[PDB]
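Data first, discussion second: the structure below is written as structure tokens.
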Amino acid sequence: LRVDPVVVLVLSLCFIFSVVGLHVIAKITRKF
Amino acid sequence: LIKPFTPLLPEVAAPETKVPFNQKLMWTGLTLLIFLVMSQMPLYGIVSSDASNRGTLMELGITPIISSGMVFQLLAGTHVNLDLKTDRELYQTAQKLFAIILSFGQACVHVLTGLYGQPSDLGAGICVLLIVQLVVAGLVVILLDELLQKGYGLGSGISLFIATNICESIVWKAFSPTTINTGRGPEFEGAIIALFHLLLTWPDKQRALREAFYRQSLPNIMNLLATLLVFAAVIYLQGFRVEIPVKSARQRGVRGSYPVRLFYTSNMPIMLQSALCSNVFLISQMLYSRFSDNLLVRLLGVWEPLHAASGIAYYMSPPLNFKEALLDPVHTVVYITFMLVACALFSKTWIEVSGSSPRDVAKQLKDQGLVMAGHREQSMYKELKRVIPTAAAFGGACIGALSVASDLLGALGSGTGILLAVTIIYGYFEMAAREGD
Amino acid sequence: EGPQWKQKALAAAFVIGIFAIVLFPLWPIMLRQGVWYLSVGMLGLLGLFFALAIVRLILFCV
Amino acid sequence: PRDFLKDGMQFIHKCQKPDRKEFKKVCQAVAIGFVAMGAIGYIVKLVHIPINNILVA
Amino acid sequence: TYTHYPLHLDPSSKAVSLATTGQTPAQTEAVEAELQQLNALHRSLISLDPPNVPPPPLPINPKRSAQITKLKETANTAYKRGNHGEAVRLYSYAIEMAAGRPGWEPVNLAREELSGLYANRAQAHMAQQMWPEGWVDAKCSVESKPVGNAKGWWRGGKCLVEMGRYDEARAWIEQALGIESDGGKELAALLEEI
Amino acid sequence: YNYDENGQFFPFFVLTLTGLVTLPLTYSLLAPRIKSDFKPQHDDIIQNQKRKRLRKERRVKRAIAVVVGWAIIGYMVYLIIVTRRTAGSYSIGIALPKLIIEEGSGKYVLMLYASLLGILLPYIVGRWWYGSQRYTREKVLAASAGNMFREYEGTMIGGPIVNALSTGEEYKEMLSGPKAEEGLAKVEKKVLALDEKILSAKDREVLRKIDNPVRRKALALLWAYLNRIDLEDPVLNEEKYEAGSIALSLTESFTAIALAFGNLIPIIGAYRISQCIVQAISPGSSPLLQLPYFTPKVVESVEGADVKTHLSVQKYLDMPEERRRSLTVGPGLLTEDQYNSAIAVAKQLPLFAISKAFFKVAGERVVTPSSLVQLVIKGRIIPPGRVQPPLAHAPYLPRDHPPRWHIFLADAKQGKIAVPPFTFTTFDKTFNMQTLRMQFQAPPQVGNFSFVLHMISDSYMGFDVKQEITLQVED
Amino acid sequence: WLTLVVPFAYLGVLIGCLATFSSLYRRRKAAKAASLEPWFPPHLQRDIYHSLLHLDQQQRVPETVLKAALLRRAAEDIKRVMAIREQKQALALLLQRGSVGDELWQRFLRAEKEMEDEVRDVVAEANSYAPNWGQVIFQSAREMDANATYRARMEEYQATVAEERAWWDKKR
């Protein structure tokens with residue numbers, strides 16, 4: 001299987017965004 | 001024997017055309033930033049109702065890739081003999097498979113045995129989040145390594161990561177903004193920050209400068225200047241080379257020169273010595289932590305704060321500072337002797353397995369057609385074997401002496417990191433000058 | 001076809017073996033002492049070989 | 001022994017040394033690269049410290 | 001995936017014709033000339049033989065070549081007799097007849113024949129003191145076959161050096177020598193008298 | 001951690017950091033020519049275009065940065081001077097204010113960082129990537145070179161080169177809006193009418209066939225510039241003299257492309273068209289308009305009534321003192337002082353004259369096959385009648401072009417080129433005996449053959465030495 | 001059992017985002033590649049041949065006209081393939097110097113593929129037209145093209161004799 005580099009970069013960026021979103025949503029649910 | 005696994009493991013396609021230099025530099029500069037962002041992000045699940053590579057999505061980090069590379073280099077040295085493309089493809093597939101397996105196992109053992117949230121206290125549906133985060137980080141790292149190795153990058157991923165980590169540690173030790181309140185007013189860990197603060201907010205300027213230079217507790221200015229001087233000296237020394245004349249025999253007339261630098265097999269002996277001392281220190285520490293009630297184990301290594309002392313590992317331990325050296329003269333003597341001998345012999349041994357032996361270079365020049373431009377029928381092998389081994393055995397001792405002197409003078413960070421960063425950036429500059437601009 | 005299946009089974013056995021040995025720090029405490037004793041014996045054999053090499057070098061020097 | 005030091009000194013005296021111009025050029029290039037990498041890493045870490053502290057709560 | 005062009009067949013003539021409007025004058029005249037050439041090829045093929053398939057270019061019908069050689073021999077005899085008018089007239093007639101060779105047949109034979117005929121007609125025009133016509137005929141001849149046509153280069157250079165423009169003659173003889181022997185010696189002698 | 005805000009350490013930190021980052025940034029804000037006494041018409045326009053060609057501020061990029069840095073430094077030193085009056089154990093803190101860790105601005109700074117990382121970085125990266133992939137090595141849009149590549153033909157020289165060159169891409173940005181409709185009619189009428197049939201044989205058809213008004217306007221302007229037509233309006237002249245330089249750059253690119261093909265006629269035509277563009281004479285006209293005061297009226301009378309050749313500068317200057325009675329009587333011709341200045345500026349033109357062009361190999365005498373043999377060509381520079389050469393005359397274009405020299409060699413049997421040219425722009429100082437070298441690997445054979453070399457010079461028209469050299473291989 | 005499906009949902013949404021982004025990028029790249037303009041101007045003889053076939057299917061045109069149309073189309077195609085074979089080497093040699101972007105190379109590759117497919121289709125149609133009439137059509141086409149361009153060059157060089165005669169009469 002072959003993929004493009006920009007796909008990998010967007011995947012890594014979305015992974016970082018998913019981690020930070022998990023953190024912030026856990027902090028939000030904690031306050032409630 | 002790994003034929004069925006080839007279509008499973010994904011990869012990135014090879015560059016269709018010859019990538020230019022600007023786009024390659026952009027790829028490198030974006031990959032390094034992505035790696036740093038990955039290494040400076042907190043993990044999830046660490047909060048359980050009661051950060052430097054501890055929860056930074058890099059617990060496994062680069063260790064599986066480099067471990068697989070080392071073990072496969074050792075296997076290849078022990079013997080993939082034929083140099084066809086199929087052997088290279090099988091080697092790369094085995095590399096990637098072993099890497100993913102080792103990364104998954106490391107993540108699982110790290111999340112299960114401890115050092116993080118406990119399974120009983122946390123639960124049975126939370127640790128899997130940690131496992132998935134870690135394996136995703138490992139897969140992204142092993143895929144960006146191949147993205148930089150396939151040709152889109154200028155060097156290797158692991159070397160670039162080590163260089164940027166060393167330079168980051170140096171710059172952080174330089175301009176640290178964190179304070180430490182050990183009494184008598186807080187102080188800045190950063191060198192220049194403290195040199196400014198103590199100079200400005202204290203009435204006794206002279207004593208302030210005197211204690212700011214020779215602090216010896218936090219990174220100070222004098223050792224920073226020593227690091228800068230060692231950097232300049234090694235940069236000036238890297239450029240040595242013995243240009244030996246050579247004229248071709250097939251296409252008559254064309255001249256040239258064959259360079260043989262003083263740092264032959266660059267930064268290889270220091271890396272081998274560092275690995276050896278790290279392994280022996282780990283073995284001695286693990287043995288003393290359990291079987292301390294013994295005689296030969298006590299003679300091998302005794303540890304007390306964290307720092308080895310009164311043992312073989314004590315002699316193996318590098319000197320801390322100038323005073324820590326001059327207090328024990330014979331210790332410094334034996335350490336200098338061991339370091340020089342080990343570096344020299346490591347260079348002289350690695351020069352054979354690396355394939356740069358005088359016989360191999362002579363055969364390569366004979367096959368390529370290059371012939372010595374001697375006075376009257378000079379044999380290339382004679383002068384080559386007269387020059388090369390001396391150069392290697394001297395460069396080994398020289399780089400060992402430089403590393404030990406940098407460690408004794410108290411340079412910022414260990415000398416191995418300085419030498420590695422210097423030689424990596426020098427190789428980058430060399431290839432950039434080889435290519436256009 | 002049968003040789004391909006045999007090779008695939010051999011590869012599966014190899015990968016399950018390596019996946020098991022990498023998880024060795026999670027031993028069930030049944031065979032940990034025997035492995036430690038085997039490692040100690042191997043270390044003793046290596047030390048004896050190194051001592052023999054050092055003795056041979058010192059003898060050849062004289 | 002002592003012949004090794006003599007051979008090393010002979011090899012050094014026979015080796016050619018870089019001049020001032022090429023040394024200055026290579027030093028400038030290496031310093032630029034090193035400072036760029038260090039500044040990138042340092043600003044990344046210093047930016048992520050407060051964000052990390054606010055996220056981890 | 002084809003652009004539709006409404007046509008109209010002409011009965012009793014089988015010559016296609018573009019219908020009333022490509023809605024563009026450029027495209028209109030382009031397709032008009034194209035249909036003209038297509039009808040020309042159709043006429044040629046229908047005059048070929050009841051089997052409309054074109055024969056392969058391996059064999060060559062020698063009747064046309066024999067007619068060309070006969071006409072050339074008679075014209076050469078008439079020119080050597082002393083007259084030049086009917087000589088160049090029959091030269092042009094043979095040139096037209098050789099140009100009447102269809103296209104599907106090989107091109108080397110027709111090229112060589114036109115080269116020879118144009119060189120002969122240029123020599124005849126030079127005998128007639130027709131310098132520009134002789135020069136352009138020599139240029140056409142050397143354009144047909146540039147290799148081994150030393151007589152063509154020599155006649156062209158002679159026409160040039162006769163009618164002026166010495167630099168043109170210089171460049172002509174330079175290219176001749178570059179391509180290049182009695183012909184080479186004659187070219188060198190002509191260049192020396194420039 | 002505990003971000004300290006009582007002892008006020010973050011002022012010191014930000015002060016030293018901003019000072020270190022703004023101290024070096026302050027420094028961001030802190031050959032000969034030939035002698036002539038001629039001034040062409042519309043000198044103001046061409047001089048204005050020349051001055052507009054080069055411009056660089058390089059101040060707005062760092063002025064805001066340095067001023068905000070010094071403002072931060074001033075505010076922080078004010079805070080220090082104000083707060084210093086008020087300014088058995090192990091803890092670590094950070095020198096940053098307490099407002100960041102406060103729950104009020106937490107979500108705000110988090111959203112700011114998220115928006116930054118998600119917007120500012122990828123957008124600027126893509127913009128930089130596209131900007132880098134836009135241009136090519138020869139300083140031209142890749143689309144322009146790609147479009148001009150297709151228009152290449154097997155054998156084209158002179159006329160069709162201009163047509164194949166007019167299909168550039170800079171004209172799209174240059175003639176945007178109603179600029180095409182403003183001029184097209186007048187410029188096309190003028191070019192189609194006033195030009196003779198000799199300077200335009202069949203290119204009128206190609207000029208009429210094209211429909212894109214931008215390309216047609218560009219081609220009409222190009223043909224108006226290459227003939228010194230001086231079409232009557234004060235607005236189109238600047239666009240004309242700009243299309244001149246655009247065509248020069250496109251001609252460089254097309255020369256590179258034709259050399260990439262490999263041929264003799266396309267290259268020998270591209271060099272001539274570069275000479276004609278940089279000299280502003282029509283390709284094929286008499287190369288006597290290089291002199292400053294000469295007009296078509298006087299060149300139609302100095303070289304006779306009409307002839308298929310053209311009197312070059314050498315043959316003209318080598319004439320006896322008869323040309324005075326031919327073109328200085330001045331019924332509609334030049335005057336005495338004008339003619340004197342014309343000769344004075346003609347007596348200072350470069351004209352290479354080779355005298356020895358022989359091969360040689362380094363190390364031995366007889367050159368062996370498949371070896372590196374370097375050819376030496378040494379000739380003195382004589383005007384008709386590392387040292388920098390004087391700039392080109394070039395009185396009809398904004399930029400000043402350093403006269404280069406393209407030296408190469410080919411053969412006539414196969415009709416292709418053998419070795420790519422080796423250009424240079426300097427000599428080693430009538431005058432003394434200069435020297436020029438060039439090296440290439442001879443083909444591996446045993447039979448010796450002949451070559452022809454070309455001393456084709458750009459920036460001038462009428463200086464072309466063609467000498468043949470015979471190679472030798474013995475072994 | 002939600003504490004286990006929450007990470008399962010995380011994996012599901014992650015792999016779904018991966019899949020949808022891969023599909024979107026692949027579709028966008030395919031659309032951008034298909035947006036490349038054709039290499040050479042639209043073929044004309046193929047249009048005439050297809051319109052003739054359509055007219056024949058509508059009604060009664062003699063097939064000899066169709067054979068002539070196919071011959072002309074083959075001549076056009078052989079000229080096109082000669083041109084592309086001449087240009088391929090120059091394009092490959094120039095691509096390394098960087099004076100030509102990659103879009104031109106992509107257009108050239110697509111044009112080469114389309115030309116190969118078209119030449120295969122036309123030779124198959126020719127074989128279907130007449131018994132074993134496959135490989136001779138290209139010999140006929142190359143000979144026709146060469147003779148035609150040679151005749152055109154000859155007529156062009158011949159047509160300019162009047163101006164030369166007038167100039168000679170003027171100078172005389």
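In the structure tokens, the first chain shown is A, the next is B, and so on; residue numbers restart at 1 for each chain, and ligands run from 1 in the order shown.
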
Hey, what's within 7 Å of residue D:34 if we count only C-alpha atoms and toss same-chain stuff fewer than 4 positions away? As a PyMOL selection string, please? (chain B and resi 167) or (chain D and resi 30+38)

Export N, CA and C atoms of the chosen residues as a PDB file, in the first residue's frame?
ATOM      1  N   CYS B 167      20.736  20.067  20.484  1.00  0.00           N
ATOM      2  CA  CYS B 167      20.749  21.521  20.373  1.00  0.00           C
ATOM      3  C   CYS B 167      19.669  22.147  21.246  1.00  0.00           C
TER       4      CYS B 167
ATOM      5  N   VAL D  30      27.553  26.387   9.740  1.00  0.00           N
ATOM      6  CA  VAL D  30      27.225  25.472  10.830  1.00  0.00           C
ATOM      7  C   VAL D  30      26.555  26.220  11.975  1.00  0.00           C
ATOM      8  N   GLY D  38      18.158  25.167  17.267  1.00  0.00           N
ATOM      9  CA  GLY D  38      17.985  25.403  18.689  1.00  0.00           C
ATOM     10  C   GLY D  38      16.880  26.394  18.991  1.00  0.00           C
TER      11      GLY D  38
END

Write out as a tab-separated table (two decimals) with N, CA and C atoms, in the first residue's frame which residues come within 10 Å of residue B:6 when counting only C-alpha atoms, dropping same-chain ones fewer than 6 positions away.
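What ended up in selection09.tsv:
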chain	number	residue	atom	x	y	z
A	1	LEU	N	0.83	-1.20	0.00
A	1	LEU	CA	0.00	0.00	0.00
A	1	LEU	C	0.86	1.26	0.00
B	89	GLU	N	14.39	-5.24	-0.53
B	89	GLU	CA	12.96	-5.17	-0.23
B	89	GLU	C	12.60	-6.04	0.97
B	90	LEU	N	13.12	-7.27	0.99
B	90	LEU	CA	12.87	-8.15	2.13
B	90	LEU	C	13.44	-7.56	3.42
B	92	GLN	N	13.86	-4.35	4.15
B	92	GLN	CA	13.04	-3.23	4.60
B	92	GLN	C	11.72	-3.72	5.18
B	93	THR	N	11.11	-4.74	4.56
B	93	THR	CA	9.86	-5.27	5.10
B	93	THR	C	10.08	-5.88	6.48
B	94	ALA	N	11.18	-6.63	6.65
B	94	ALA	CA	11.49	-7.19	7.96
B	94	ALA	C	11.76	-6.09	8.98
B	96	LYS	N	10.48	-3.01	9.01
B	96	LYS	CA	9.23	-2.37	9.40
B	96	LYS	C	8.38	-3.29	10.28
B	97	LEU	N	8.33	-4.58	9.94
B	97	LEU	CA	7.53	-5.52	10.73
B	97	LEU	C	8.08	-5.65	12.15

I'd like to know which residues of chain E are strand (DSSP E) (by DSSP, run on the backbone); could you write them as JSON, numbers by chain? {"E": [7, 8, 9, 10, 15, 16, 17, 18]}

Report as number ranges by chain the set of chain F residues whose atoms approach chain E to within 10 Å, with distances computed over only C-alpha atoms. F: 209, 307-310, 411-414, 450-452, 468

Could the residues in this selection be saved with C-alpha atoms as a compact mmCIF listing (two decimals), in the first residue's frame?
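What ended up in again-v8.txt:
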# COMPACT_ATOMS: atom_id res chain seq x y z
CA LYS F 209 -5.47 34.36 -37.08
CA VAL F 307 20.50 44.59 -52.83
CA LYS F 308 19.87 41.16 -51.31
CA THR F 309 22.90 41.66 -49.03
CA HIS F 310 23.60 44.23 -46.31
CA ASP F 411 29.44 19.59 -37.62
CA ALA F 412 27.69 19.72 -40.99
CA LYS F 413 27.42 16.04 -41.95
CA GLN F 414 24.66 15.10 -39.51
CA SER F 450 36.67 17.91 -38.87
CA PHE F 451 34.57 20.42 -36.94
CA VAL F 452 33.37 24.00 -37.37
CA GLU F 468 36.74 25.09 -39.20

Do a neighbour search on residue E:194 at 9 Å with only C-alpha atoms, toss out local chain neighbours closer than 3 positions, and write the hits as a ChimeraX atom specification. /E:161,166,169-170,190-191

Please write the residues from the selection above to a file, keeping C-alpha atoms, as a PDB file, in the first residue's frame.
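Okay, this is what ended up in part.pdb:
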ATOM      1  CA  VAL E 161      28.634  34.239 -59.058  1.00  0.00           C
ATOM      2  CA  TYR E 166      29.062  37.254 -53.920  1.00  0.00           C
ATOM      3  CA  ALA E 169      27.846  32.306 -53.591  1.00  0.00           C
ATOM      4  CA  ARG E 170      30.449  32.117 -50.822  1.00  0.00           C
ATOM      5  CA  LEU E 190      34.956  27.831 -58.575  1.00  0.00           C
ATOM      6  CA  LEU E 191      35.505  29.067 -55.015  1.00  0.00           C
TER       7      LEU E 191
END

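When DSSP is run on the backbone, the residues of chain A that fall into helix (DSSP H, G or I) are residues 5, 6, 7, 8, 9, 10, 11, 12, 13, 14, 15, 16, 17, 18, 19, 20, 21, 22, 23, 24, 25, 26, 27, 28, 29, 30 and 31 of chain A.
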
Can you spit out the residues from that selection as a PDB file, in the first residue's frame, using N, CA and C atoms?
ATOM      1  N   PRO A   5       2.590  11.948   0.936  1.00  0.00           N
ATOM      2  CA  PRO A   5       3.130  12.591   2.148  1.00  0.00           C
ATOM      3  C   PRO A   5       2.170  13.577   2.793  1.00  0.00           C
ATOM      4  N   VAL A   6       1.466  14.378   1.989  1.00  0.00           N
ATOM      5  CA  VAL A   6       0.532  15.350   2.549  1.00  0.00           C
ATOM      6  C   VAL A   6      -0.570  14.649   3.330  1.00  0.00           C
ATOM      7  N   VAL A   7      -0.949  13.438   2.912  1.00  0.00           N
ATOM      8  CA  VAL A   7      -1.934  12.668   3.665  1.00  0.00           C
ATOM      9  C   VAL A   7      -1.401  12.347   5.052  1.00  0.00           C
ATOM     10  N   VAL A   8      -0.136  11.929   5.131  1.00  0.00           N
ATOM     11  CA  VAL A   8       0.468  11.595   6.417  1.00  0.00           C
ATOM     12  C   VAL A   8       0.562  12.830   7.302  1.00  0.00           C
ATOM     13  N   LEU A   9       0.918  13.973   6.714  1.00  0.00           N
ATOM     14  CA  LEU A   9       1.037  15.194   7.506  1.00  0.00           C
ATOM     15  C   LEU A   9      -0.315  15.639   8.049  1.00  0.00           C
ATOM     16  N   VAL A  10      -1.353  15.612   7.209  1.00  0.00           N
ATOM     17  CA  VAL A  10      -2.686  15.974   7.681  1.00  0.00           C
ATOM     18  C   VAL A  10      -3.165  14.981   8.732  1.00  0.00           C
ATOM     19  N   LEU A  11      -2.798  13.706   8.581  1.00  0.00           N
ATOM     20  CA  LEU A  11      -3.162  12.709   9.582  1.00  0.00           C
ATOM     21  C   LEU A  11      -2.514  13.014  10.926  1.00  0.00           C
ATOM     22  N   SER A  12      -1.224  13.359  10.918  1.00  0.00           N
ATOM     23  CA  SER A  12      -0.540  13.684  12.167  1.00  0.00           C
ATOM     24  C   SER A  12      -1.126  14.936  12.809  1.00  0.00           C
ATOM     25  N   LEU A  13      -1.436  15.948  11.995  1.00  0.00           N
ATOM     26  CA  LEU A  13      -2.040  17.162  12.537  1.00  0.00           C
ATOM     27  C   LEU A  13      -3.403  16.868  13.153  1.00  0.00           C
ATOM     28  N   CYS A  14      -4.220  16.061  12.470  1.00  0.00           N
ATOM     29  CA  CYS A  14      -5.516  15.686  13.020  1.00  0.00           C
ATOM     30  C   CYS A  14      -5.365  14.847  14.280  1.00  0.00           C
ATOM     31  N   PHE A  15      -4.297  14.056  14.375  1.00  0.00           N
ATOM     32  CA  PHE A  15      -4.053  13.274  15.582  1.00  0.00           C
ATOM     33  C   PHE A  15      -3.736  14.181  16.767  1.00  0.00           C
ATOM     34  N   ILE A  16      -2.870  15.174  16.548  1.00  0.00           N
ATOM     35  CA  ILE A  16      -2.584  16.157  17.593  1.00  0.00           C
ATOM     36  C   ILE A  16      -3.861  16.877  18.011  1.00  0.00           C
ATOM     37  N   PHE A  17      -4.668  17.287  17.030  1.00  0.00           N
ATOM     38  CA  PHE A  17      -5.912  17.980  17.346  1.00  0.00           C
ATOM     39  C   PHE A  17      -6.868  17.079  18.115  1.00  0.00           C
ATOM     40  N   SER A  18      -6.894  15.786  17.786  1.00  0.00           N
ATOM     41  CA  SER A  18      -7.751  14.859  18.513  1.00  0.00           C
ATOM     42  C   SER A  18      -7.305  14.723  19.961  1.00  0.00           C
ATOM     43  N   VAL A  19      -5.992  14.662  20.194  1.00  0.00           N
ATOM     44  CA  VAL A  19      -5.494  14.540  21.564  1.00  0.00           C
ATOM     45  C   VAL A  19      -5.847  15.784  22.374  1.00  0.00           C
ATOM     46  N   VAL A  20      -5.609  16.968  21.801  1.00  0.00           N
ATOM     47  CA  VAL A  20      -5.892  18.183  22.562  1.00  0.00           C
ATOM     48  C   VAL A  20      -7.396  18.358  22.758  1.00  0.00           C
ATOM     49  N   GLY A  21      -8.206  17.922  21.790  1.00  0.00           N
ATOM     50  CA  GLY A  21      -9.645  17.978  21.967  1.00  0.00           C
ATOM     51  C   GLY A  21     -10.129  17.034  23.047  1.00  0.00           C
ATOM     52  N   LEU A  22      -9.542  15.838  23.116  1.00  0.00           N
ATOM     53  CA  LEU A  22      -9.852  14.921  24.207  1.00  0.00           C
ATOM     54  C   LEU A  22      -9.524  15.554  25.552  1.00  0.00           C
ATOM     55  N   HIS A  23      -8.342  16.165  25.660  1.00  0.00           N
ATOM     56  CA  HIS A  23      -7.956  16.816  26.910  1.00  0.00           C
ATOM     57  C   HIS A  23      -8.951  17.907  27.297  1.00  0.00           C
ATOM     58  N   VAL A  24      -9.278  18.793  26.354  1.00  0.00           N
ATOM     59  CA  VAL A  24     -10.135  19.924  26.696  1.00  0.00           C
ATOM     60  C   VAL A  24     -11.561  19.465  26.984  1.00  0.00           C
ATOM     61  N   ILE A  25     -12.049  18.433  26.290  1.00  0.00           N
ATOM     62  CA  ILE A  25     -13.409  17.978  26.552  1.00  0.00           C
ATOM     63  C   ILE A  25     -13.477  17.243  27.882  1.00  0.00           C
ATOM     64  N   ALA A  26     -12.399  16.557  28.275  1.00  0.00           N
ATOM     65  CA  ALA A  26     -12.371  15.959  29.602  1.00  0.00           C
ATOM     66  C   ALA A  26     -12.357  17.032  30.678  1.00  0.00           C
ATOM     67  N   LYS A  27     -11.588  18.104  30.463  1.00  0.00           N
ATOM     68  CA  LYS A  27     -11.603  19.209  31.417  1.00  0.00           C
ATOM     69  C   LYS A  27     -12.977  19.862  31.494  1.00  0.00           C
ATOM     70  N   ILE A  28     -13.680  19.957  30.364  1.00  0.00           N
ATOM     71  CA  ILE A  28     -15.006  20.568  30.359  1.00  0.00           C
ATOM     72  C   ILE A  28     -16.001  19.692  31.112  1.00  0.00           C
ATOM     73  N   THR A  29     -16.026  18.393  30.801  1.00  0.00           N
ATOM     74  CA  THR A  29     -16.941  17.486  31.485  1.00  0.00           C
ATOM     75  C   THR A  29     -16.616  17.384  32.972  1.00  0.00           C
ATOM     76  N   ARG A  30     -15.345  17.566  33.341  1.00  0.00           N
ATOM     77  CA  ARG A  30     -14.971  17.528  34.751  1.00  0.00           C
ATOM     78  C   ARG A  30     -15.617  18.669  35.525  1.00  0.00           C
ATOM     79  N   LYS A  31     -15.698  19.853  34.916  1.00  0.00           N
ATOM     80  CA  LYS A  31     -16.277  21.010  35.585  1.00  0.00           C
ATOM     81  C   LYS A  31     -17.785  20.898  35.767  1.00  0.00           C
TER      82      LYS A  31
END

Tell me, as a ChimeraX atom specification, which residues lie within 7 Å of stretch 14-18 of chain E, counting only C-alpha atoms; anything in the same chain fewer than 6 positions away does not count. /E:6-8,32,35,39

Got a sec to pull out which chain B residues are within 10 Å of chain C, counting only C-alpha atoms, and send them as a ChimeraX atom specification? /B:1-5,97-98,101-102,104-106,108-109,112-113

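With distances restricted to only C-alpha atoms, E:105 is the closest residue to residue G:139 from E:193, E:186, E:143, E:105.
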
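Between atom CA of residue B:160 and atom CA of residue B:424 the separation is 7.9 Å.
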
Close residues, stretch 44-47 of chain D itself excluded, 8 Å, only C-alpha atoms, min 4 positions apart in chain, as a ChimeraX atom specification: /B:36-37,40 /D:40,51

What's around residue G:32 at 12 Å? Count only C-alpha atoms, leave out sequence neighbours fewer than 4 positions away in its own chain, and write the answer as number ranges by chain. G: 25-28, 36-37, 103, 106-107

Only residues of chain E matter here; which ones have an atom within 9 Å of chain G, counting only C-alpha atoms? Give them as an MDAnalysis selection string. chainID E and resid 2:9 14:16 31 34:35 38:39 41:42 45:46 52:57 99 102:107 110:111 130:133 136:137 139:140 143:144 163

Do a neighbour search on residue F:198 at 12 Å with only C-alpha atoms, toss out local chain neighbours closer than 6 positions, and write the hits as an NGL selection string. (:F and (159 or 282-286 or 306-308)) or (:G and (163))

Find the residues of chain B in contact range of chain F, meaning any atom within 10 Å when counting only C-alpha atoms, and list them as a ChimeraX atom specification. /B:22-23,26,30,175-183,185-190,192-194,196-197,200-201,248-255

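Atom to atom, atom CA of residue F:269 and atom CA of residue F:456 stand 10.8 Å apart.
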
Using only C-alpha atoms, find which residues of chain D lie within 9 Å of chain A and jot them down as a ChimeraX atom specification. /D:55-57

Could the residues in this selection be written to a file with N, CA, C and O atoms, as a short mmCIF file (atom, residue, chain, number, x, y, z; two decimals), in the first residue's frame?
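What follows is the written file part_11.cif:
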data_model
loop_
_atom_site.label_atom_id
_atom_site.label_comp_id
_atom_site.auth_asym_id
_atom_site.auth_seq_id
_atom_site.Cartn_x
_atom_site.Cartn_y
_atom_site.Cartn_z
N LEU D 55 -3.81 22.59 29.87
CA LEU D 55 -4.52 21.39 29.45
C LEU D 55 -4.54 20.34 30.55
O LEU D 55 -5.58 19.75 30.84
N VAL D 56 -3.39 20.09 31.18
CA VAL D 56 -3.32 19.06 32.21
C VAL D 56 -4.09 19.47 33.46
O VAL D 56 -4.44 18.61 34.28
N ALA D 57 -4.36 20.76 33.62
CA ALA D 57 -5.10 21.29 34.77
C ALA D 57 -4.45 20.90 36.10
O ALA D 57 -4.19 21.76 36.94
#
